[PDB]
Peer 1: 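Attaching a single structure in structure tokens format; questions to follow.
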Amino acid sequence: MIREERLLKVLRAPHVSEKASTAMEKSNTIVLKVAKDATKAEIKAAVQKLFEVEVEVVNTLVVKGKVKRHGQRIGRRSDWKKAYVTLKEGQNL
Amino acid sequence: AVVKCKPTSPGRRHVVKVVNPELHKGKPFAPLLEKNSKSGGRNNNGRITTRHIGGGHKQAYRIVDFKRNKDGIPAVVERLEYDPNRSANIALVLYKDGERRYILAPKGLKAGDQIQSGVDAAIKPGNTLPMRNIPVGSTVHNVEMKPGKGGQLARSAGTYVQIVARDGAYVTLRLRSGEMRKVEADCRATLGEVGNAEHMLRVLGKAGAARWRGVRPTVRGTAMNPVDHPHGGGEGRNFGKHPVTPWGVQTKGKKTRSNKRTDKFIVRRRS
Amino acid sequence: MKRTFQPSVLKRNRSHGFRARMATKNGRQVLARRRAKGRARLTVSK
RNA sequence: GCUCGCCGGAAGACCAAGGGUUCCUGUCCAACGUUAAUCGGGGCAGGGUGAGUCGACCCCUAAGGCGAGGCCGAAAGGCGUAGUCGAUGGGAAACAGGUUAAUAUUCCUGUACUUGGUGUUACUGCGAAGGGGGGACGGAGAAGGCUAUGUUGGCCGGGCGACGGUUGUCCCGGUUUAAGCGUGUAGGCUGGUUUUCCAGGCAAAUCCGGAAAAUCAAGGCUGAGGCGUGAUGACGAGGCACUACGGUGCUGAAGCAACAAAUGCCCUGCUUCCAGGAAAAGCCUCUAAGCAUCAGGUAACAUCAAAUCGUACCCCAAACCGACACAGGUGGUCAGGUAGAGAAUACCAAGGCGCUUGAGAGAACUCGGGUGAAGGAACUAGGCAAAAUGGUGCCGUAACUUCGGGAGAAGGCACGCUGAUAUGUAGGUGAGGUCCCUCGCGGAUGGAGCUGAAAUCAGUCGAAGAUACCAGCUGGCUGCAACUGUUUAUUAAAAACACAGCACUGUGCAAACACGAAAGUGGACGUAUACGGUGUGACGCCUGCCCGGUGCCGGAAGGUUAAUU
RNA sequence: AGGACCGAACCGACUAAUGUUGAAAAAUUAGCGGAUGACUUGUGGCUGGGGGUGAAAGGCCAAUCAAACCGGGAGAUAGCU
Ligand SMILES: [Mg+2]
Ligand SMILES: [Mg+2]
Ligand SMILES: [Mg+2]
Ligand SMILES: [Mg+2]
Ligand SMILES: [Mg+2]
Ligand SMILES: [Mg+2]
Ligand SMILES: [Mg+2]
Ligand SMILES: [Mg+2]
Ligand SMILES: [Mg+2]
Ligand SMILES: [Mg+2]
Ligand SMILES: [Mg+2]
Ligand SMILES: [Mg+2]
Ligand SMILES: [Mg+2]
Ligand SMILES: [Mg+2]
Ligand SMILES: [Mg+2]
Ligand SMILES: [Mg+2]
Ligand SMILES: [Mg+2]
Ligand SMILES: [Mg+2]
Ligand SMILES: [Mg+2]
Ligand SMILES: [Mg+2]
Ligand SMILES: [Mg+2]
Ligand SMILES: [Mg+2]
Ligand SMILES: [Mg+2]
Ligand SMILES: [Mg+2]
Ligand SMILES: [Mg+2]
Ligand SMILES: [Mg+2]
Ligand SMILES: [Mg+2]
Ligand SMILES: [Mg+2]
Ligand SMILES: [Mg+2]
Ligand SMILES: [Mg+2]
Ligand SMILES: [Mg+2]
Ligand SMILES: [Mg+2]
Ligand SMILES: [Mg+2]
Ligand SMILES: [Mg+2]
Ligand SMILES: [Mg+2]
Ligand SMILES: [Mg+2]
Ligand SMILES: [Mg+2]
Ligand SMILES: [Mg+2]
Ligand SMILES: [Mg+2]
Ligand SMILES: [Mg+2]
Ligand SMILES: [Mg+2]
Ligand SMILES: [Mg+2]
Ligand SMILES: [Mg+2]
Ligand SMILES: [Mg+2]
Ligand SMILES: [Mg+2]
Ligand SMILES: [Mg+2]
Ligand SMILES: [Mg+2]
Ligand SMILES: [Mg+2]
Ligand SMILES: [Mg+2]
Ligand SMILES: [Mg+2]
Ligand SMILES: [Mg+2]
Ligand SMILES: [Mg+2]
Ligand SMILES: [Mg+2]
């Protein structure tokens with residue numbers, strides 16, 4: 001069983017976008033920014049415990065950071081993970 | 001038999017092929033097969049140490065029994081097979097206990113023939129005995145040089161060795177090169193000579209046929225530049241030199257044997 | 001025309017990568033020289 | 001937006017490599033873009049990549065790498081055993097439809113499948129680092145059976161025509177549906193079963209191998225496709241209603257048959273040839289040590305798990321390799337119509353583009369093309385270039401020859417369209433009906449319907465019927481090299497190199513020889529009908545004399561002669 | 001059957017013209033040779049500089065080859081400009 005502090009650290013932020021809102025309203029799926037090293041089971045348990053909802057399944061992808069320029073100096077944004085978390089058609093967090 | 005090819009193309013005009021109708025058509029015996037990949041004539045440093053080798057057809061190694069040390073148990077020939085690894089043919093024999101083995105096929109051996117090994121074997125082609133028990137004057141093949149080591153002399157197609165004399169612990173042999181040699185009388189030999197004696201009558205006919213056997217072209221030393229070969233150079237065709245190997249050693253008549261350890265067994269050189 | 005550089009990542013790493021430089025004494029000397037020079041990118045891995 | 005033009009075995013659509021945000025939206029036009037720019041692969045901001053089944057990872061190995069001890073080497077290090085890595089190869093499992101501005105075999109709907117862990121129940125000899133089987137393999141050729149796919153008819157919806165005609169043998173559009181599950185077919189292979197025994201498979205084995213009996217002859221394995229179900233579903237021409245003009249919502253007919261047909265599948269098959277065609281694991285089976293109403297194995301059911309990483313976009317290219325938005329290079333897959341032998345070629349479909357400076361003018365001259373009086377190689381180093389020939393069927397074809405060739409030698413005739421033979425022939429395909437039986441995806445008969453050359457005769461149009469594109473110039477004498485090949489990447493493709501064949505010569509196996517201070521390795525898991533070197537260069541007729549010189553081989557009496565003493 | 005024949009893909013490079021501060025540091029156009037083989041091609045591997053590899057041209061070994069490239073000896077030496 002995953003310890004409580006790990007769960008308290010895996011989730012970082014809800015993700016707001018047109019696709020995220022559409023997913024929420026049409027599929028009962030929320031989109032979160034999670035820790036880069038969080039696994040699907042960890043994310044599932046964390047959403048079960050912290051938001052006290054019931055999750056059906058988690059889908060996960062890694063977003064690669066963009067290369068930018070800040071006054072003739074190139075930089076890179078960090079990669080991050082996002083999770084599509086599907087709830088069990090009755091929760092509506 | 002020896003078959004000449006009709007000249008329906010310039011690459012077929014001079015082809016002479018040796019075809020044996022009684023060779024097995026099917027697949028070889030799988031338990032006695034084994035992989036051997038090619039080398040290109042390169043050693044473990046990866047350098048060409050023997051020129052003119054490379055390519056050719058893929059081949060599988062047949063494990064041939066050169067020891068013939070399964071004494072006292074008769075065997076019967078099942079079939080004759082083609083072997084890409086050697087010029088002779090091989091025979092698949094089946095012992096009375098159910099073991100199968102490959103042997104060099106002696107001349108005259110057919111499917112259904114009986115062979116046997118050991119000191120009590122009959123004097124018939126295909127049987128193996130120590131050269132102590134073989135009558136003087138017999139022609140044998142697959143001759144051992146150290147007892148128990150396995151046959152090493154007269155293994156090519158059509159070759160044989162004649163037992164010339166016996167003297168105590170040694171017999172004197174007449175090898176195909178004409179050299180007279182001594183070996184211990186406990187070394188084994190197989191009676192009769194190796195079959196497929198028509199092997200030398202074949203004509204390849206084209207360059208490609210040589211390429212199929214893994215032989216790459218030979219460039220004459222006289223066609224090179226002086227930096228590449230001692231024979232190179234010249235405006236036009238010029239030689240003016242004593243012929244040598246690519247490494248500078250005389251190549252017409254100069255002798256290269258130097259082995260004092262085995263000199264005691266050479267009764268007479270081939271000459 | 002076919003040019004001389006025909007890229008391939010696996011070959012690049014196997015030939016000039018960090019673990020190739022570390023496998024021999026002369027490769028380790030290459031790495032030591034590059035560290036002393038102060039290079040930001042030590043091998044082709046980065 | 002309408003018209004025009006170009007590609008269409010690509011200039012369309014996918015995958016791999018490689019690149020890395022170039023993808024989509026909003027906004028800006030300084031610089032970048034060979035011009036302008038409101039546009040962009042440009043700047044700025046935001047968004048976008050969803051997997052038990054696809055790939056990697058993972059299990060297994062090839063070439064090869066590394067390599068405990070080890071062997072060897074001044075040191076550094078070299079080689080290599082046990083091992084351990086290494087794909088370009090072997091190994092479990094998913095399809096159809098819908099949806100986003102941008103992802104989808106990943107999301108949603110429907111229907112599936114695989115492996116493993118737990119638990120219950122019912123039976124039960126389980127057990128490997130070992131044995132055996134299997135995996136497991138070449139080139140070419142020939143069909144037969146199919147499908148993808150196409151064409152036509154039927155069916156359904158719509159139409160009745162800007163200019164003569166068009167209610168019909170008329171025009172336009174659609175007529176689609178997967179994995180899985182059941183059946184086990186065309187066809188391929190193989191005799192089956194039961195006992196007893198055994199110098200074999202390092203030990204054992206009930207497994208494999210071998211031997212001897214008895215008995216029965218049909219049993220087993222593999223297998224495209226079809227058919228049934230999946231599916232009363234989905235999709236579906238179109239119609240109706242909005243539109244904030246991009247699109248959104250609703251509804252929804254027919255959804256069949258015949259013929260033709262692959263380079264795809266059966267087929268890792270079959271036939272044949274010589275040049276004789278991976279490995280290991282997964283998988284099945286056998287036992288050893290061992291365990292012993294335990295563990296373990298088999299089956300059913302229930303339940304749980306299938307993690308992690310990739311996924312956008314380009315990908316014959318403006319995003320990769322060429323300094324460029326560069327007429328260059330880049331592996332694999334898909335493969336419609338008409339004509340055609342064809343993946344050639346012409347015109348088109350799906351789809352995609354007009355190549356990021358234009359506007360005029362209509363000199364010389366340059367480039368790429370068209371035609372040319374009379375002549376016809378007079379040109380020129382040279383017929384260089386151009387012109388010309390060019391298809392299919394049939395007739396016919398010389399010297400010479402190694403009897404195969406030469407030969408497509410040379411040369412000649414026919415060729416469009418319409419009608420008849422024959423309302424569509426020879427042929428191919430094949431329904432209904434009828435009759436049998438081991439009864440089925442069966443056998444025989446039967447011929448409806450569909451498709452369909454080639455030929456002959458007659459007529460007919462033009463200057464011309466292989467009408468376009470496409471598509472041999474031919475003959476004679478001679479040098480050289482036998483031939484097919486190879487070569488100076490980027491001024492030389494040849495008479496040069498190679499070659500099969502020939503000869504000499506070395507080499508007896510711990511071979512000669514080569515790489516290597518060495519250990520070793522190649523030669524070769526080969527053994528003188530073999531292997532190395534050298535020259536010559538198919539084949540035919542041949543290959544003469546010289547051993548003084550220089551080499552090499554043999555000899556060993558004498559002369560001379562090193563270290564040593 | 002065939003290092004057989006004609007001919008696309010594919011692999012080459014015989015002729016001519018153009019181009020020659022090129023569209024291109026070797027191409028384009030029209031013709032041309034092989035096209036089941038001594039073929040061609042993808043991926044990975046091995047051979048290292050007096051060394052490799054070479055159907056042999058002193059060819060090729062990263063647009064470099066009668067001895068690669070990079071660093072060092074090194075400010076080599078230069079009766080020469
Ligand atoms: Mg899911
Ligand atoms: Mg994922
Ligand atoms: Mg040789
Ligand atoms: Mg030769
Ligand atoms: Mg030369
Ligand atoms: Mg010399
Ligand atoms: Mg001369
Ligand atoms: Mg002379
Ligand atoms: Mg066109
Ligand atoms: Mg950018
Ligand atoms: Mg864009
Ligand atoms: Mg402006
Ligand atoms: Mg501008
Ligand atoms: Mg942009
Ligand atoms: Mg290995
Ligand atoms: Mg090693
Ligand atoms: Mg060690
Ligand atoms: Mg492994
Ligand atoms: Mg692979
Ligand atoms: Mg897309
Ligand atoms: Mg069909
Ligand atoms: Mg994509
Ligand atoms: Mg441009
Ligand atoms: Mg380009
Ligand atoms: Mg290519
Ligand atoms: Mg075309
Ligand atoms: Mg003009
Ligand atoms: Mg002109
Ligand atoms: Mg003209
Ligand atoms: Mg004229
Ligand atoms: Mg005229
Ligand atoms: Mg004339
Ligand atoms: Mg003249
Ligand atoms: Mg003149
Ligand atoms: Mg000409
Ligand atoms: Mg012309
Ligand atoms: Mg002359
Ligand atoms: Mg020639
Ligand atoms: Mg030629
Ligand atoms: Mg050249
Ligand atoms: Mg050896
Ligand atoms: Mg010659
Ligand atoms: Mg002579
Ligand atoms: Mg040919
Ligand atoms: Mg040239
Ligand atoms: Mg061309
Ligand atoms: Mg030819
Ligand atoms: Mg051809
Ligand atoms: Mg020269
Ligand atoms: Mg170069
Ligand atoms: Mg030098
Ligand atoms: Mg100095
Ligand atoms: Mg100086």
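Note that these values count all heavy atoms, side chains included, but never hydrogens, waters or copies made by symmetry. First the proteins, then the strands, lettered A, B, ... as listed; each starts at 1.
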Peer 1: Whole angstroms only, please: what is the NZ-P distance between B:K25 and D:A275?
Peer 2: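 Rounded to the whole Å, the gap is 14 Å.
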Peer 1: Please give, in whole Å, the distance from E:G51 P to B:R42 CZ?
Peer 2: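 After rounding, the gap between these two atoms is 18 Å.
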Peer 1: With a cut-off of less than 4.0 Å, is there a side-chain N or O of A:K66 near OP1 or OP2 of D:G48?
Peer 2: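 No, A:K66 has no side-chain N/O under 4.0 Å of OP1/OP2 on D:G48.
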Peer 1: Is there a Watson-Crick or G-U wobble pair linking D:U118 and D:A292, both distances under 3.5 Å?
Peer 2: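 When the criterion is applied, D:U118 and D:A292 do not count as a base pair.
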Peer 1: Using a heavy-atom cut-off of under 4.0 Å over every strand shown, decide if B:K149 touches base, sugar-phosphate, or nothing.
Peer 2: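 Sugar-phosphate, backbone atoms only, no base.
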Peer 1: In this structure, which one of A:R76, A:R77, A:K81 forms a side-chain hydrogen bond (donor to acceptor under 3.5 Å, both in side chains) with A:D79?
Peer 2: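 Answer to the side-chain hydrogen bond (donor to acceptor under 3.5 Å, both in side chains) test with A:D79 among A:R76, A:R77, A:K81: A:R76.
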Peer 1: How close or far is atom P of D:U99 from atom CD of A:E25, stated in whole angstroms?
Peer 2: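 Atom CD in A:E25 sits about 17 Å away from atom P in D:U99.
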Peer 1: Is there a Watson-Crick or G-U wobble pair formed by D:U357 and D:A280, both distances less than 3.5 Å?
Peer 2: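 Taken together, D:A280 and D:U357 make no base pair (Watson-Crick or G-U wobble, both distances under 3.5 Å).
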Peer 1: Between E:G44 and C:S8, is there an OP1 or OP2 to side-chain N/O distance shorter than 4.0 Å?
Peer 2: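 Yes, within the criterion.
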Peer 1: Let me know the distance between NZ of B:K252 and P of D:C547, rounded to the nearest Å.
Peer 2: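 Taking atom P of D:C547 as the reference, NZ of B:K252 is at 21 Å.
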Peer 1: Which nucleotide wins on minimum distance to the side chain of B:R220, given the candidates D:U308, D:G526, D:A498?
Peer 2: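 Ranking D:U308, D:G526, D:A498 by closest atom to the B:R220 side chain puts D:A498 first.
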Peer 1: Ignoring the backbone of A:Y84, work out which of D:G50, D:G535, D:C320 is nearest its side chain.
Peer 2: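 Nearest to the side chain of A:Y84 among the choices is D:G50.
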Peer 1: Do B:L175 and B:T159 have side-chain heavy atoms sitting under 4.5 Å apart?
Peer 2: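 No. Closest side-chain heavy atoms not under 4.5 Å.
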Peer 1: Looking only at side-chain N and O atoms, does B:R13 come under 4.0 Å of OP1 or OP2 in E:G2?
Peer 2: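 Looking at the OP1 and OP2 atoms of E:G2, neither is under 4.0 Å from any side-chain N or O of B:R13.
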Peer 1: Answer yes or no as to whether D:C525 has its base stacked against B:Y61, where stacking requires a ring-centre separation under 5.5 angstrom and planes under 30 degrees apart.
Peer 2: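 Given the distance and angle limits, yes, they stack.
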Peer 1: So, are D:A306 and D:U114 a pair, meaning Watson-Crick or G-U wobble with each of the two distances under 3.5 Å?
Peer 2: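 Pairing holds for D:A306 and D:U114, meeting the Watson-Crick or G-U definition.
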Peer 1: Taking CZ in C:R19 as the centre, count heavy atoms belonging to other residues, nucleotides or ligands within less than 6.0 Å. Is the count above 12?
Peer 2: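 Counting neighbours around CZ of C:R19, 12 or fewer heavy atoms of other residues, nucleotides or ligands fall under 6.0 Å, so no.
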Peer 1: Could you check whether B:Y82 and the base of D:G276 form a stacked pair, meaning centres closer than 5.5 Å and planes differing by less than 30°?
Peer 2: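 So B:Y82 counts as stacking on the base.
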Peer 1: Could you tell me whether the phosphate oxygens of D:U21, OP1 or OP2, come under 4.0 Å of any side-chain nitrogen or oxygen in A:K68?
Peer 2: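 Answer no for this pair, as no side-chain N or O of A:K68 is under 4.0 Å from OP1 or OP2.
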Peer 1: Does D:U488 count as syn, meaning its glycosidic angle lies within 90° of 0, or as anti?
Peer 2: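 Syn conformation here, the glycosidic angle of D:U488 being no more than 90° from 0.
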Peer 1: Would D:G33 and D:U103 count as paired if we go with Watson-Crick or G-U wobble and both distances under 3.5 Å?
Peer 2: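 No, neither Watson-Crick nor G-U wobble.
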Peer 1: Contact between A:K36 and A:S78 at the side-chain level, heavy atoms closer than 4.5 Å - yes or no?
Peer 2: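 A:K36 does not reach A:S78 side chain to side chain.
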Peer 1: Is there a residue in residues 96-107 of chain B whose heavy atoms reach under 4.0 Å of RNA chain D, and which residues are they?
Peer 2: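 Here the set is B:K96, B:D97, B:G98, B:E99, B:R100.
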Peer 1: Kindly say whether D:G508 and D:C181 qualify as a Watson-Crick or G-U pair under the rule that both distances are below 3.5 angstrom.
Peer 2: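 Taken together, D:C181 and D:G508 make no base pair (Watson-Crick or G-U wobble, both distances under 3.5 Å).
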Peer 1: Under 4.0 Å between a side-chain N/O of B:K206 and OP1 or OP2 of E:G3, yes or no?
Peer 2: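 Affirmative; the distance criterion is met.
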Peer 1: Tell me whether the centres of the aromatic rings in B:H24 and B:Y82 are closer together than 6.0 Å.
Peer 2: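 No, the ring of B:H24 stays outside the 6.0 Å limit from the ring of B:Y82, centre to centre.
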Peer 1: For B:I73 and for A:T39, locate the closest nucleotide of RNA chain D by heavy-atom distance; then report the residue assigned to the nucleotide nearer the 5' terminus.
Peer 2: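 First, find each residue's nearest nucleotide; the 5'-ward one identifies B:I73.
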Peer 1: Hey, does the side chain of B:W212 come within less than 4.0 Å of E:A38's phosphate (OP1/OP2), counting only N and O?
Peer 2: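 Result: yes.
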Peer 1: For A:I43 and D:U308, give me the distance from atom CD1 to atom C1', rounded to whole Å.
Peer 2: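 Roughly 12 Å, once rounded to whole Å.
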Peer 1: Which of parallel (below 30°), tilted (30 to 60°) and perpendicular (above 60°) describes B:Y102 and B:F29?
Peer 2: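 Judged by the thresholds at 30° and 60°, the geometry between B:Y102 and B:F29 is perpendicular.
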Peer 1: What contact category does B:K27 fall into here, base, sugar-phosphate, or nothing, at under 4.0 angstrom with non-hydrogen atoms?
Peer 2: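 Answer is base: heavy atoms of B:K27 come under 4.0 Å of a base.
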Peer 1: Check whether any side-chain N or O of B:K6 sits under 4.0 Å from OP1 or OP2 of D:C403, and answer yes or no.
Peer 2: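 Result: no.
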Peer 1: From the list D:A63, D:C321, E:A56, which nucleotide is the closest neighbour of the side chain of B:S37?
Peer 2: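 For B:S37, the side-chain atoms sit closest to D:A63.
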Peer 1: Identify which nucleotide among D:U550, E:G2, D:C509 has an atom closest to any side-chain atom of B:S9, counting heavy atoms from C-beta outward.
Peer 2: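 So the nucleotide nearest the side chain must be E:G2.
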Peer 1: So E:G12 and E:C32, Watson-Crick or G-U wobble pair with both distances under 3.5 Å, or not?
Peer 2: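 So E:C32 is base-paired to E:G12.
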Peer 1: Please list, by residue number, the residues of residues 13-35 of chain C whose heavy atoms come closer than 4.0 Å to an atom of RNA chain D; answer none if no residue qualifies.
Peer 2: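 The stretch gives C:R14, C:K25 as the residues lying under 4.0 Å from the strand, ordered by number.
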Peer 1: Can you spot which of A:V58, A:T39, A:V85, A:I2 makes a side chain to side chain contact (heavy atoms under 4.5 Å, CB included) with A:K44?
Peer 2: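 Option passing the side chain to side chain contact (heavy atoms under 4.5 Å, CB included) with A:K44: A:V58.
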Peer 1: By the criterion of two distances each under 3.5 Å, are D:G184 and D:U527 a Watson-Crick or G-U wobble pair?
Peer 2: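 WC or G-U pairing between D:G184 and D:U527: no.
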Peer 1: What's the NZ-P distance between A:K19 and D:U106, to the nearest Å?
Peer 2: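 Between P of D:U106 and NZ of A:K19: 13 Å.
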Peer 1: If the cut-off is 4.0 Å, is A:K64 near the phosphate of D:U21, judged by side-chain N/O to OP1 or OP2?
Peer 2: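 It does not, given that no N or O in the side chain of A:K64 lies less than 4.0 Å from OP1 or OP2 of D:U21.
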Peer 1: So A:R76, base contact, sugar-phosphate only, or nothing? Heavy-atom distance under 4.0 Å.
Peer 2: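 Contact class for A:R76: none.
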Peer 1: Over all strands shown, is B:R257 touching base, sugar-phosphate only, or nothing at heavy-atom distances under 4.0 angstrom?
Peer 2: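 Since only primed, P, OP1 and OP2 atoms lie under 4.0 Å of B:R257, the category is sugar-phosphate.
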Peer 1: Can you tabulate the close N/O pairs, meaning under 3.5 Å, that link protein atoms to atoms of nucleotides 325-330 of chain D?
Peer 2:
unit_1 : atom_1 : unit_2 : atom_2 : d
D:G328 : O2'    : C:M1   : N      : 2.6
D:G328 : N2     : C:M1   : O      : 3.0
D:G329 : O4'    : C:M1   : N      : 3.4

Peer 1: Return no unless some side-chain N or O of B:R176 is found under 4.0 Å from OP1 or OP2 of D:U529.
Peer 2: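 Answer yes for this pair, as a side-chain N or O of B:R176 is under 4.0 Å from OP1 or OP2.
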Peer 1: For D:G533 and B:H229 - does any side-chain N or O of the residue sit under 4.0 Å from the phosphate oxygens OP1/OP2?
Peer 2: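 Negative; the distance criterion is not met.
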Peer 1: Ignoring hydrogens and angles, tell me if any N or O in the side chain of B:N196 forms a donor-acceptor pair with the backbone of B:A157 under 3.5 Å.
Peer 2: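 Answer holds: no.
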Peer 1: Both distances under 3.5 Å and Watson-Crick or G-U wobble geometry: does that hold for D:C32 with D:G40?
Peer 2: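 Yes.
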Peer 1: Looking at D:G48, D:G322, E:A67, which one has an atom nearest to any side-chain atom of B:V227?
Peer 2: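 Given the options D:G48, D:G322, E:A67, the side chain of B:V227 is closest to E:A67.
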Peer 1: Can you tell which of D:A279, E:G44, E:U53 lies closest to the side chain of B:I48?
Peer 2: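 Looking only at side-chain atoms, B:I48 lies closest to E:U53.
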Peer 1: With a 4.0 Å cutoff (strictly under), does any side-chain N or O of B:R51 reach OP1 or OP2 of D:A514?
Peer 2: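 No.
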Peer 1: Is there a Watson-Crick or G-U wobble pair linking D:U425 and D:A524, both distances under 3.5 Å?
Peer 2: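 No pair, by the stated definition.
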Peer 1: Identify whether any heavy atom of B:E34 sits under 4.0 Å from a base atom; if not, whether one sits that close to sugar-phosphate; answer base, sugar-phosphate or nothing.
Peer 2: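 Here B:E34 touches the bases of the nucleic acid.
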Peer 1: Side chain of B:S177: nearest nucleotide among D:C321, D:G508, D:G48?
Peer 2: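 Side chain of B:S177 sits closest to D:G508.
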Peer 1: Between B:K255 and B:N36, which residue's closest nucleotide on RNA chain D lies nearer the 5′ terminus?
Peer 2: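 Of the two residues, B:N36 wins.
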Peer 1: From E:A55, D:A528, D:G43, pick the nucleotide closest to the side chain of A:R69?
Peer 2: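 From the listed options, D:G43 comes nearest.
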Peer 1: Under a 3.5 Å limit on both key distances, is there a Watson-Crick or G-U wobble pair between D:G153 and D:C256?
Peer 2: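 They are paired, because both relevant distances stay under 3.5 Å.
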